Amino acid sequence: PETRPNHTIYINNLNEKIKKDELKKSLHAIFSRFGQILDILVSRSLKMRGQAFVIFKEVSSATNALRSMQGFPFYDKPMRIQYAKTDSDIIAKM
RNA sequence: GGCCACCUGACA
RNA sequence: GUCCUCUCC
RNA sequence: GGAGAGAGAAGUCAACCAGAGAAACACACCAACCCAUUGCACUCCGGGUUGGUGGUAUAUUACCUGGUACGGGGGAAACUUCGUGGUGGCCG
Ligand SMILES: [Ca+2]
Ligand SMILES: [Ca+2]
Ligand SMILES: [Ca+2]
Ligand SMILES: [Ca+2]
Ligand SMILES: [Ca+2]
Ligand SMILES: [Ca+2]
Ligand SMILES: [Ca+2]
Ligand SMILES: [Ca+2]
Ligand SMILES: [Ca+2]
Ligand SMILES: [Ca+2]
Ligand SMILES: [Ca+2]
Ligand SMILES: [Ca+2]
Ligand SMILES: [Ca+2]
C-alpha cells in the first residue's frame with residue numbers, strides 16, 4: 001500500500017551533493033518522456049534535501065513514471081518513488 | 001611606562 | 001552594521 | 001518594510017572639540033571540506049572549521065594635523081615647546 005495515484009510523484013534517496021539547478025535539469029530530462037511536466041520542486045534545506053517533487057499534467061503520466069523509474073540509478077543512488085501524499089498547490093488550485 | 005582583571009565614559 | 005522593547009509612517 | 005528613541009552584546013579606545021582616519025567586533029553572503037539529516041513540500045533559511053566578499057562601518061575609538069581647559073620648561077613680551085581617566089593585583 002502506502003499511497004493512492006496523484007499528479008505529483010515524490011522522489012527520495014537522491015544524491016544530496018548535486019547542485020539544485022543541475023538536479024532539476026537531470027530530473028526533467030529523465031522524466032520528460034512520460035508526459036508534460038508542470039514543474040519540479042527541489043530544495044537543499046535540512047528537511048527537503050535529497051528529495052524532489054515532479055508535478056505531472058496527467059495522473060497516468062505520474063503512474064508510468066513511478067513504475068518505470070523505480071530504483072533507476074541516478075547520480076549513483078537508486079531512486080525511490082511514490083505518489084505524493086497530497087496534491088501540489090498548483091494542482092489543487094487548478 | 002607595560003600586562004590581566006574590574007570600574008566609568010566614548011563609539012554602537 | 002546583530003538582537004530586544006517603544007513611537008511614528 | 002521604512003524612519004525616529006531607549007537598551008545595549010562583542011570589540012576598540014581614554015582629558016576635551018574639530019579635521020582627516022584605519023583596525024577590531026558583530027552581521028550578511030559565497031566556496032571547499034567535516035558533522036548531522038532517508039526528510040511529504042509548495043514564505044528563504046541545519047551546525048562546525050578554514051578562506052573570501054560586502055555595508056549611506058561613507059562609522060569612530062587608535063595613529064595623524066590643528067586648536068581648548070589644566071599642569072612642565074624657556075621667554076620681559078609676542079610666543080614657542082613637553083604631559084594630560086578611576087581601583088586592586090602581577091611583571092625589573
Ligand atoms: Ca536551500
Ligand atoms: Ca519542511
Ligand atoms: Ca486537473
Ligand atoms: Ca529598522
Ligand atoms: Ca570627527
Ligand atoms: Ca569622517
Ligand atoms: Ca573612512
Ligand atoms: Ca528519521
Ligand atoms: Ca501548504
Ligand atoms: Ca570567518
Ligand atoms: Ca572586515
Ligand atoms: Ca560603503
Ligand atoms: Ca552615524
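Proteins get letters first, then strands, A, B, ... in listed order; numbering begins at 1 in each. Below, each value reflects all heavy atoms present in this structure, side chains not excepted, and no hydrogens, waters or symmetry copies.
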Chemist: Let me know the distance between CG of A/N13 and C1' of D/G39, rounded to the nearest Å.
Modeler: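 Going from CG in A/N13 over to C1' in D/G39 covers 11 Å.
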Chemist: Return yes if the base of D/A41 and the side-chain atoms of A/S43 contain a donor-acceptor N/O pair under 3.5 Å, otherwise no.
Modeler: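 Such a pair does not exist between side chain and base.
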Chemist: If I read the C1'-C2'-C3'-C4' torsion for B/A5, does it come out on the north side (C3'-endo) or the south side (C2'-endo)?
Modeler: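 Sugar pucker of B/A5 - north, given that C1'-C2'-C3'-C4' is above zero.
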Chemist: Would you confirm whether D/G19 and D/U49 are paired, taking Watson-Crick (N1-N3 with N6-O4 or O6-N4) or G-U wobble (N1-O2 and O6-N3) geometry and requiring each distance to be under 3.5 angstrom?
Modeler: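 D/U49 does not match D/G19 under the WC/wobble rule.
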Chemist: Quick check: on RNA chain D, is the nucleotide nearest A/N6 upstream (toward 5') of the one nearest A/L46, or the reverse? Name the residue that is more 5'.
Modeler: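 Here A/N6 is the residue nearer the 5' end.
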Chemist: Mind checking A/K93 for me? I need base, sugar-phosphate or nothing, with any heavy atom below 4.0 Å counting as a touch.
Modeler: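 Since no nucleic acid heavy atom lies under 4.0 Å of A/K93, the category is nothing.
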Chemist: Indicate, yes or no, whether a donor-acceptor pair under 3.5 Å links the base of D/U38 to the side chain of A/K47.
Modeler: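 In this structure, the two groups form no donor-acceptor pair.
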Chemist: Under the 3.5 Å rule, do the base of D/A36 and the side chain of A/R49 count as making a donor-acceptor pair?
Modeler: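 Check passes, donor-acceptor contact within cut-off.
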Chemist: Tell me the partner of D/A28, counting only Watson-Crick (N1-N3 plus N6-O4 or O6-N4) or G-U wobble (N1-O2 and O6-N3) with both under 3.5 Å; none if nothing fits.
Modeler: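 For D/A28, the partner nucleotide comes out as D/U53, under the 3.5 Å rule.
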Chemist: Any idea if D/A41 is syn or anti, going by the 90°-from-0 cut?
Modeler: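 In terms of base orientation relative to the sugar, D/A41 is anti.
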Chemist: Partner of B/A10 by Watson-Crick or G-U wobble geometry, both contacts under 3.5 Å, or none?
Modeler: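 The answer is D/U12, by the H-bond criterion.
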Chemist: Are D/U56 and D/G55 stacked, with six-ring centres under 5.5 Å and planes under 30°?
Modeler: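 Stacking test on this dinucleotide step: no.
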Chemist: With both distances kept under 3.5 Å, what pairs with D/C42, Watson-Crick or G-U wobble?
Modeler: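 The base-pairing partner of D/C42, which may sit in any strand shown, does not exist here.
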Chemist: Can a side chain N or O of A/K19 be found less than 4.0 Å away from OP1 or OP2 on D/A32?
Modeler: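 So the side chain of A/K19 is within the cut-off, an N or O lying under 4.0 Å from OP1 or OP2 of D/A32.
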Chemist: If D/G6 has a Watson-Crick or G-U wobble mate with both distances under 3.5 Å, name it; if not, just say none.
Modeler: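 Answer to the pairing question: C/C4, which forms a Watson-Crick or G-U pair with D/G6.
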Chemist: Got A/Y10 and A/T86 here, is their nearest side-chain heavy-atom distance under 4.5 Å?
Modeler: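 In short, these two side chains do not touch, never coming nearer than 4.5 Å.
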Chemist: Check if the side chain of A/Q51 and the base of D/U38 share a donor-acceptor pair of N or O atoms closer than 3.5 Å.
Modeler: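 Such a pair does not exist between side chain and base.
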Chemist: Counting Watson-Crick and G-U wobble pairs only, both distances under 3.5 Å, name the nucleotide matched with D/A59, or none.
Modeler: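 Paired with D/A59, as far as the under-3.5 Å criterion goes, is no nucleotide at all.
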Chemist: I want to confirm an ordering. Mapping A/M48 and A/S45 to their closest nucleotides on RNA chain D, which one lands closer to the 5' end?
Modeler: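 That would be A/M48.
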Chemist: List the atom of A/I9, the atom of A/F56, and the distance in Å for their closest heavy-atom pair.
Modeler: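 So the two residues come closest at CD1-CE1, 3.7 Å.
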Chemist: If a pair has to be Watson-Crick or G-U wobble with both distances under 3.5 Å, does that hold for D/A15 and D/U68?
Modeler: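 Yes.
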Chemist: What nucleotide, of D/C45, D/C40, D/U37, holds the atom closest to the side chain of A/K85?
Modeler: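 My answer, after comparing the listed nucleotides, is D/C40.
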Chemist: Starting the side chain at C-beta, find the nucleotide from D/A41, D/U38, D/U37 nearest to A/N12.
Modeler: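 Nucleotide nearest to A/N12's side chain: D/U38.
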Chemist: For D/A78, does the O4'-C1'-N9-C4 (purine) or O4'-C1'-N1-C2 (pyrimidine) torsion place it in syn, i.e. within 90° of 0, or in anti?
Modeler: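 Chi for D/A78 falls in the anti range.
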Chemist: Quick one: look at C1'-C2'-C3'-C4' in D/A28 and give me north (positive) or south (negative).
Modeler: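 A north sugar, the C1'-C2'-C3'-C4' torsion of D/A28 being greater than zero.
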Chemist: For D/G85, measure the glycosidic angle (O4'-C1'-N9-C4 for a purine, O4'-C1'-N1-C2 for a pyrimidine) and name it syn if it falls within 90° of 0, otherwise anti.
Modeler: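 In terms of base orientation relative to the sugar, D/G85 is anti.
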